[PDB]
Amino acid sequence: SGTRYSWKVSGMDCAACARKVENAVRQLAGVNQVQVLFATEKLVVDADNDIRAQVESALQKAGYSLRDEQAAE
Ligand SMILES: [Zn+2]
C-alpha cells in the first residue's frame with residue numbers, strides 16, 4: 001500500500017457525514033483511497049503525495065475536529 005495516514009475525528013457519527021467527509025477529502029488530489037470510519041472517531045487516507053495538512057484543513061472547513069495520528073503504526 002502507498003502510505004496509510006489517519007486522524008482522530010471527534011464529530012463523525014453518521015454514514016452521510018462519512019460520505020461528505022470522504023468526498024471532502026477525496027476532492028483534494030493526493031488521496032487515492034479514502035476510508036472514513038465514523039462513530040469509531042477515525043479517518044484513514046491512502047495518499048501517494050502529501051495532503052494530510054490539506055485533509056485536516058478540509059475537515060476543519062467542513063466542520064470537524066481531527067488531529068494527526070502519525071503515519072500508520
Ligand atoms: Zn453526524
# chains A, B, ... in the order shown; residues from 1 in each chain; ligands from 1
call {"tool": "residues_around", "arguments": {"residues": "residue 63 in chain A", "least_positions_apart": "3", "cutoff": "10 Å", "atoms": "only C-alpha atoms", "output": "PyMOL selection string"}}
result
chain A and resi 11-12+21+57-60+66
call {"tool": "select_by_dssp", "arguments": {"residues": "chain A", "states": "helix (DSSP H, G or I)", "output": "VMD selection string"}}
result
chain A and resid 15 to 26 52 to 62
call {"tool": "closest_residue", "arguments": {"among": "A:72, A:44, A:62, A:28", "to": "ligand 1", "atoms": "only C-alpha atoms and all ligand atoms"}}
result
A:62
call {"tool": "closest_atom_pairs", "arguments": {"of": "chain A", "to": "ligand 1", "cutoff": "10 Å", "atoms": "only C-alpha atoms and all ligand atoms", "output": "CSV"}}
result
residue,atom,partner,partner_atom_place_in_ligand_line,distance
A:11,CA,ligand 1,1 (Zn),6.7
A:12,CA,ligand 1,1 (Zn),5.1
A:13,CA,ligand 1,1 (Zn),4.3
A:14,CA,ligand 1,1 (Zn),4.4
A:15,CA,ligand 1,1 (Zn),7.6
A:16,CA,ligand 1,1 (Zn),7.1
A:17,CA,ligand 1,1 (Zn),5.0
A:18,CA,ligand 1,1 (Zn),7.9
A:20,CA,ligand 1,1 (Zn),9.8
A:38,CA,ligand 1,1 (Zn),8.3
A:39,CA,ligand 1,1 (Zn),8.7
A:64,CA,ligand 1,1 (Zn),9.8
call {"tool": "residues_around", "arguments": {"residues": "residue 7 in chain A", "least_positions_apart": "3", "cutoff": "10 Å", "atoms": "only C-alpha atoms", "output": "list in words"}}
result
residues 10, 36, 41, 42, 43, 44, 45, 52, 55, 56, 65, 66, 67, 68, 69, 70, 71 and 72 of chain A
call {"tool": "atom_distance", "arguments": {"atom1": "CA of residue 34 in chain A", "atom2": "CA of residue 53 in chain A"}}
result
15.3 Å
call {"tool": "select_by_dssp", "arguments": {"residues": "range 27-72 of chain A", "states": "strand (DSSP E)", "output": "PyMOL selection string"}}
result
chain A and resi 31-37+42-47
call {"tool": "atom_distance", "arguments": {"atom1": "CA of residue 37 in chain A", "atom2": "CA of residue 25 in chain A"}}
result
13.3 Å
call {"tool": "atom_distance", "arguments": {"atom1": "CA of residue 19 in chain A", "atom2": "CA of residue 2 in chain A"}}
result
22.3 Å
call {"tool": "closest_residue", "arguments": {"among": "A:8, A:46, A:73, A:51", "to": "residue 29 in chain A", "atoms": "only C-alpha atoms"}}
result
A:51
